[PDB]
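Working notes for the structure below.
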Amino acid sequence: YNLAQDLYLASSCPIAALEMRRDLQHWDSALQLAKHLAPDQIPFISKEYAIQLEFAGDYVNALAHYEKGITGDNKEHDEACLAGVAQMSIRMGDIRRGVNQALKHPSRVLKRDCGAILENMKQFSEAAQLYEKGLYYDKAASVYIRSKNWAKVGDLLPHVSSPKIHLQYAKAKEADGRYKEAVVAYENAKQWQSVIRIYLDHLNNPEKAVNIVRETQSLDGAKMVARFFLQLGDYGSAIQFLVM
Amino acid sequence: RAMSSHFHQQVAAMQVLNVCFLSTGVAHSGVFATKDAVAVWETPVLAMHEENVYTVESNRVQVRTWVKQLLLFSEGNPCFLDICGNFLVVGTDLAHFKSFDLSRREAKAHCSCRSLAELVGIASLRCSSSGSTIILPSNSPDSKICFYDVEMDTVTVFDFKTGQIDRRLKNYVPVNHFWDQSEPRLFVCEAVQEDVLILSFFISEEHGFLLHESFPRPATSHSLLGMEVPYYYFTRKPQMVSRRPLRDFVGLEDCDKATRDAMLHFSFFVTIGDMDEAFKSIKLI
């Protein structure tokens, strides 16, 4: 390939050398050649170089070539380069600038991957903001639980589609002892297992307990509520109120 | 004779009794071979664990010098020992087995007694380095193969005839099996046509079981001795050890530990189908 390039430059179609250097993934040599033959390809090739630098873990040069691969015409290429710059700056520890470019990029996928990157740096708040920006309420609730900021967890719960986070937040409330947000979370967690337990223990509403049994086929607390509430002469009707 | 042959810690022993330390490349009823100690075997199965001896008494296991530790079975006479990593599986022919931890000074029962019959005779048992995966039900061997999930406490049975895995190659029956000495998720199986073919699989918890490699047994080889990175080691038909580099592992035999681990990840993600992750693993190579 060295001799092939040396012969190509002396030919009447010099750009062919660039092509083979581009075809050989020799992006450094391709950038060296493109300064003479095809400068319009200077951005694209540079971006590709950074991509390889990104995949080789050499983020420092990846940032430089991403910011050096910006154009003024190809909107998609510019957006991809900006997303790369954002990811690199985030991985540079320049978290303020990185999240700044993260905010100003119209692509939810960038927020999706940037949340994982922040989880790699374990900055729970930034990951939560990034996830909640585009569409990811569940991941935002997960990282908020990691940060134990249950206010935002409860804010996201109406949009949270993950019952596991509902279960975790309900356990947190059980630790807090409110036993009412816990009930709603357990119901959203498909966890009437704990809803009937709370109605047996905390709210002490046998009528709502048996209504839960009738409307959801609650089993674990089905006999237990009757056992606790069978302390009356006519409470047999209660032990039959659970359909035995 | 049966020619009881074993392989462990890059040491291959065949009863003749050829011993090959392939790490150093030095060649000299049952035999068990490690780097330092080789033990020949009143026990159905016995082995060395450094200087420990796994004597198998009636419904009992003991360790003594060249009496140190005792373990009681409540479960048939144990007759299947396999030490890999820091975990030993002790199994019987009565559909029961246990896994004992060896990361500490003495063997402690990592898993309680379990009933294979309740979940599903036993041909043989083998264990991984991590010990979280624990087998062929049966006195001819059966096509189905059972693996006991210790952590999530279940069993997975793969049928050779149907190619289906039940959670609780169609004309081949397993007769021997082994494990890789470094990756707990890499398993191997020798299947004889009811000729002989070697099937390597990867056990991924989040995906299930994967078909990693499927190759006919080499002509010079007659039994599956096992593997150790990066070679499948077999007992050669009369150096009586035949080492075949793995199909993906052609060319990186002399690489360092990091590179071989990365391309191990490559092969595992190829079995998964995770092209991107295998690509990332190869990236540095």
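Identifiers for the structure tokens are assigned positionally: chains receive A, B, ... in sequence, residues are indexed from 1 per chain, and ligands are indexed from 1 in the order shown.
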**Prompt:** Any idea what's packed within 9 Å of residue A:135, counting only C-alpha atoms, ignoring anything in its chain fewer than 6 positions away? Could you give it as JSON, numbers by chain?
**Reply:** {"A": [108, 111, 112]}
**Request:** For residue A:225, list every protein, DNA or RNA residue within 12 Å, evaluated using only C-alpha atoms, and leave out those in the same chain fewer than 2 positions away; present the list as JSON, numbers by chain.
**Result:** {"A": [195, 196, 197, 198, 199, 200, 201, 204, 205, 206, 207, 208, 209, 210, 211, 212, 213, 218, 219, 220, 221, 222, 223, 227, 228, 229, 230, 231, 235, 238, 239, 240, 241, 242, 244]}
Output C-alpha atoms for every residue in that selection, as a short mmCIF file (atom, residue, chain, number, x, y, z; two decimals), in the first residue's frame.
```
data_model
loop_
_atom_site.label_atom_id
_atom_site.label_comp_id
_atom_site.auth_asym_id
_atom_site.auth_seq_id
_atom_site.Cartn_x
_atom_site.Cartn_y
_atom_site.Cartn_z
CA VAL A 195 -51.71 -4.10 49.64
CA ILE A 196 -53.77 -6.66 51.55
CA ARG A 197 -51.01 -6.86 54.17
CA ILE A 198 -51.21 -3.09 54.69
CA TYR A 199 -55.01 -3.22 54.86
CA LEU A 200 -54.61 -5.97 57.47
CA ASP A 201 -51.93 -4.07 59.42
CA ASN A 204 -57.14 -1.87 59.09
CA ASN A 205 -59.98 -1.77 56.57
CA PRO A 206 -61.44 -5.30 56.33
CA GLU A 207 -64.11 -4.14 53.86
CA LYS A 208 -61.57 -2.76 51.40
CA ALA A 209 -59.46 -5.87 52.04
CA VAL A 210 -62.25 -8.24 51.01
CA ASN A 211 -63.07 -5.94 48.09
CA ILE A 212 -59.43 -6.31 46.98
CA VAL A 213 -59.77 -10.09 47.30
CA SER A 218 -55.76 -11.81 46.69
CA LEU A 219 -54.48 -14.98 48.36
CA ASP A 220 -51.62 -14.38 50.80
CA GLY A 221 -53.64 -12.17 53.13
CA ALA A 222 -57.00 -13.71 52.24
CA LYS A 223 -57.07 -16.12 55.17
CA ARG A 227 -58.02 -14.88 61.07
CA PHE A 228 -57.33 -11.46 62.59
CA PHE A 229 -60.95 -10.30 62.24
CA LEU A 230 -62.73 -13.50 63.36
CA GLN A 231 -62.93 -12.21 66.97
CA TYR A 235 -67.48 -12.99 62.72
CA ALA A 238 -66.57 -12.62 58.16
CA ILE A 239 -64.70 -15.91 57.78
CA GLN A 240 -67.31 -16.72 55.15
CA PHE A 241 -67.00 -13.16 53.79
CA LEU A 242 -63.55 -14.19 52.54
CA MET A 244 -63.50 -19.15 53.16
#
```
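Selected on chain B by distance to chain A: residues 279, 280, 282, 283, 284 and 285 of chain B (within 10 Å, counting only C-alpha atoms).
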Restricted to N, CA, C and O atoms, what would the selected residues look like written as a compact mmCIF listing (two decimals), in the first residue's frame?
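After the write, selection09.txt holds the following:
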```
# COMPACT_ATOMS: atom_id res chain seq x y z
N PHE B 279 -17.56 -7.13 18.76
CA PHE B 279 -16.76 -6.13 18.06
C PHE B 279 -15.98 -5.27 19.05
O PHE B 279 -14.79 -5.01 18.86
N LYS B 280 -16.65 -4.82 20.12
CA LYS B 280 -15.98 -4.02 21.13
C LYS B 280 -14.86 -4.81 21.80
O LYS B 280 -13.78 -4.27 22.07
N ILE B 282 -13.09 -7.25 20.48
CA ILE B 282 -11.99 -7.40 19.53
C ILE B 282 -11.24 -6.08 19.33
O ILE B 282 -10.04 -6.09 19.05
N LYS B 283 -11.93 -4.95 19.50
CA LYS B 283 -11.40 -3.62 19.16
C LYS B 283 -9.92 -3.41 19.45
O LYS B 283 -9.19 -2.89 18.60
N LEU B 284 -9.46 -3.82 20.63
CA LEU B 284 -8.05 -3.61 20.96
C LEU B 284 -7.14 -4.58 20.22
O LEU B 284 -5.95 -4.27 20.02
N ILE B 285 -7.65 -5.73 19.82
CA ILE B 285 -6.82 -6.75 19.18
C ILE B 285 -6.49 -6.33 17.75
O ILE B 285 -7.30 -5.69 17.06
```
**Request:** Tell me which protein, DNA and RNA residues are within 9 Å of residue B:14, counting only C-alpha atoms, leaving out same-chain ones fewer than 5 positions away, and put them as a ChimeraX atom specification.
**Result:** /B:3-7,19-20,30-31,235,240-241
**Request:** Could you find all residues in stretch 17-139 of chain A that DSSP calls helix (DSSP H, G or I) from the backbone, and write them as a ChimeraX atom specification?
**Result:** /A:17-23,27-34,39-55,59-68,75-91,95-103,108-121,124-133,137-139
Non-local contacts of residue B:268 (8 Å; only C-alpha atoms; under 6 positions in same chain excluded) as an mmCIF file with N, CA and C atoms, in the first residue's frame:
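Writing done, so here's result_20.cif:
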```
data_model
loop_
_atom_site.group_PDB
_atom_site.id
_atom_site.type_symbol
_atom_site.label_atom_id
_atom_site.label_comp_id
_atom_site.auth_asym_id
_atom_site.auth_seq_id
_atom_site.Cartn_x
_atom_site.Cartn_y
_atom_site.Cartn_z
ATOM 1 N N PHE B 202 -22.250 -22.188 25.525
ATOM 2 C CA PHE B 202 -22.101 -21.118 26.501
ATOM 3 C C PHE B 202 -23.409 -20.969 27.264
ATOM 4 N N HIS B 212 -22.193 -22.964 20.680
ATOM 5 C CA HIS B 212 -20.935 -22.265 20.438
ATOM 6 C C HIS B 212 -20.134 -22.935 19.327
ATOM 7 N N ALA B 278 -19.106 -8.248 20.792
ATOM 8 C CA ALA B 278 -17.938 -8.976 20.305
ATOM 9 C C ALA B 278 -16.994 -8.046 19.553
#
```
**Message:** Set the distance at 7 Å and use only C-alpha atoms: which residues neighbour residue B:213 once local chain neighbours fewer than 4 positions away are removed? I'd like the list as a ChimeraX atom specification.
**Reply:** /B:199-201
Which residues, written as a tab-separated table (two decimals) with C-alpha atoms, in the first residue's frame, have at least one atom at most 10 Å from residue A:20, with only C-alpha atoms counted and residues fewer than 5 positions away on the same chain left out?
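Heads up, here's the output in around-v5.tsv:
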```
chain	number	residue	atom	x	y	z
A	1	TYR	CA	0.00	0.00	0.00
A	4	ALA	CA	0.56	1.86	-4.32
A	5	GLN	CA	0.05	5.29	-2.74
A	8	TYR	CA	-1.18	6.89	-7.20
A	15	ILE	CA	-7.62	10.92	-5.30
A	25	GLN	CA	-9.50	2.51	7.40
A	26	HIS	CA	-6.25	4.50	7.53
A	30	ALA	CA	-6.69	9.77	4.63
```
**Contacts of residue A:172 at 12 Å (only C-alpha atoms; same-chain gap of 2+ positions) as a VMD selection string** = chain A and resid 145 148 to 151 153 to 154 165 to 170 174 to 183 185 to 186
Those same residues - N, CA and C atoms - I'd like them written as a PDB file, in the first residue's frame.
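So the final result, stored in result12.pdb, reads:
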```pdb
ATOM      1  N   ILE A 145     -33.863   6.487  42.495  1.00  0.00           N
ATOM      2  CA  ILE A 145     -33.821   5.513  43.582  1.00  0.00           C
ATOM      3  C   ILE A 145     -32.381   5.246  43.993  1.00  0.00           C
ATOM      4  N   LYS A 148     -31.779   7.918  45.895  1.00  0.00           N
ATOM      5  CA  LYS A 148     -32.738   7.949  47.002  1.00  0.00           C
ATOM      6  C   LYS A 148     -33.434   9.304  47.113  1.00  0.00           C
ATOM      7  N   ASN A 149     -33.747   9.905  45.968  1.00  0.00           N
ATOM      8  CA  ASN A 149     -34.534  11.138  45.915  1.00  0.00           C
ATOM      9  C   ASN A 149     -35.956  10.741  45.533  1.00  0.00           C
ATOM     10  N   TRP A 150     -36.746  10.366  46.538  1.00  0.00           N
ATOM     11  CA  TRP A 150     -38.052   9.763  46.311  1.00  0.00           C
ATOM     12  C   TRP A 150     -39.119  10.763  45.883  1.00  0.00           C
ATOM     13  N   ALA A 151     -38.889  12.064  46.065  1.00  0.00           N
ATOM     14  CA  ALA A 151     -39.848  13.051  45.577  1.00  0.00           C
ATOM     15  C   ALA A 151     -39.981  12.973  44.061  1.00  0.00           C
ATOM     16  N   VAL A 153     -39.051  10.478  42.294  1.00  0.00           N
ATOM     17  CA  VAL A 153     -39.567   9.140  42.011  1.00  0.00           C
ATOM     18  C   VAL A 153     -41.089   9.165  41.972  1.00  0.00           C
ATOM     19  N   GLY A 154     -41.705   9.741  43.005  1.00  0.00           N
ATOM     20  CA  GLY A 154     -43.152   9.862  43.026  1.00  0.00           C
ATOM     21  C   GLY A 154     -43.690  10.721  41.902  1.00  0.00           C
ATOM     22  N   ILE A 165     -39.579  -0.524  40.223  1.00  0.00           N
ATOM     23  CA  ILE A 165     -39.322   0.737  40.909  1.00  0.00           C
ATOM     24  C   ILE A 165     -40.487   1.093  41.822  1.00  0.00           C
ATOM     25  N   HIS A 166     -41.715   0.768  41.415  1.00  0.00           N
ATOM     26  CA  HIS A 166     -42.853   0.932  42.311  1.00  0.00           C
ATOM     27  C   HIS A 166     -42.671   0.101  43.576  1.00  0.00           C
ATOM     28  N   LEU A 167     -42.198  -1.137  43.428  1.00  0.00           N
ATOM     29  CA  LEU A 167     -41.954  -1.994  44.585  1.00  0.00           C
ATOM     30  C   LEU A 167     -40.890  -1.397  45.501  1.00  0.00           C
ATOM     31  N   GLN A 168     -39.797  -0.905  44.916  1.00  0.00           N
ATOM     32  CA  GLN A 168     -38.729  -0.314  45.720  1.00  0.00           C
ATOM     33  C   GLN A 168     -39.220   0.923  46.464  1.00  0.00           C
ATOM     34  N   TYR A 169     -39.964   1.788  45.774  1.00  0.00           N
ATOM     35  CA  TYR A 169     -40.472   2.996  46.412  1.00  0.00           C
ATOM     36  C   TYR A 169     -41.487   2.655  47.495  1.00  0.00           C
ATOM     37  N   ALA A 170     -42.285   1.608  47.275  1.00  0.00           N
ATOM     38  CA  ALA A 170     -43.237   1.175  48.290  1.00  0.00           C
ATOM     39  C   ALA A 170     -42.523   0.635  49.520  1.00  0.00           C
ATOM     40  N   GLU A 174     -42.754   2.040  53.259  1.00  0.00           N
ATOM     41  CA  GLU A 174     -42.958   1.168  54.412  1.00  0.00           C
ATOM     42  C   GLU A 174     -41.913   1.439  55.484  1.00  0.00           C
ATOM     43  N   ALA A 175     -40.677   1.713  55.066  1.00  0.00           N
ATOM     44  CA  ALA A 175     -39.671   2.187  56.010  1.00  0.00           C
ATOM     45  C   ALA A 175     -40.079   3.526  56.612  1.00  0.00           C
ATOM     46  N   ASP A 176     -40.665   4.406  55.796  1.00  0.00           N
ATOM     47  CA  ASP A 176     -41.135   5.692  56.298  1.00  0.00           C
ATOM     48  C   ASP A 176     -42.413   5.546  57.116  1.00  0.00           C
ATOM     49  N   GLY A 177     -43.232   4.541  56.814  1.00  0.00           N
ATOM     50  CA  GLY A 177     -44.422   4.257  57.590  1.00  0.00           C
ATOM     51  C   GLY A 177     -45.696   4.928  57.123  1.00  0.00           C
ATOM     52  N   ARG A 178     -45.663   5.661  56.007  1.00  0.00           N
ATOM     53  CA  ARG A 178     -46.881   6.298  55.511  1.00  0.00           C
ATOM     54  C   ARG A 178     -47.936   5.262  55.146  1.00  0.00           C
ATOM     55  N   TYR A 179     -47.524   4.187  54.475  1.00  0.00           N
ATOM     56  CA  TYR A 179     -48.375   3.041  54.157  1.00  0.00           C
ATOM     57  C   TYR A 179     -49.546   3.405  53.250  1.00  0.00           C
ATOM     58  N   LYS A 180     -49.507   4.573  52.612  1.00  0.00           N
ATOM     59  CA  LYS A 180     -50.536   4.961  51.654  1.00  0.00           C
ATOM     60  C   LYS A 180     -49.978   5.154  50.255  1.00  0.00           C
ATOM     61  N   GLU A 181     -48.883   5.904  50.110  1.00  0.00           N
ATOM     62  CA  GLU A 181     -48.150   5.875  48.850  1.00  0.00           C
ATOM     63  C   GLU A 181     -47.591   4.486  48.589  1.00  0.00           C
ATOM     64  N   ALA A 182     -47.271   3.751  49.656  1.00  0.00           N
ATOM     65  CA  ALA A 182     -46.867   2.360  49.508  1.00  0.00           C
ATOM     66  C   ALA A 182     -47.983   1.530  48.889  1.00  0.00           C
ATOM     67  N   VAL A 183     -49.228   1.754  49.319  1.00  0.00           N
ATOM     68  CA  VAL A 183     -50.352   0.999  48.772  1.00  0.00           C
ATOM     69  C   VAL A 183     -50.487   1.254  47.276  1.00  0.00           C
ATOM     70  N   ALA A 185     -48.211   2.392  45.178  1.00  0.00           N
ATOM     71  CA  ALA A 185     -47.059   1.851  44.464  1.00  0.00           C
ATOM     72  C   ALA A 185     -47.155   0.338  44.314  1.00  0.00           C
ATOM     73  N   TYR A 186     -47.550  -0.364  45.381  1.00  0.00           N
ATOM     74  CA  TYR A 186     -47.708  -1.812  45.306  1.00  0.00           C
ATOM     75  C   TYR A 186     -48.785  -2.193  44.300  1.00  0.00           C
TER      76      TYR A 186
END
```
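Among the candidates B:37, B:169, B:47, B:90, the one nearest to residue B:60 when counting only C-alpha atoms is B:90.
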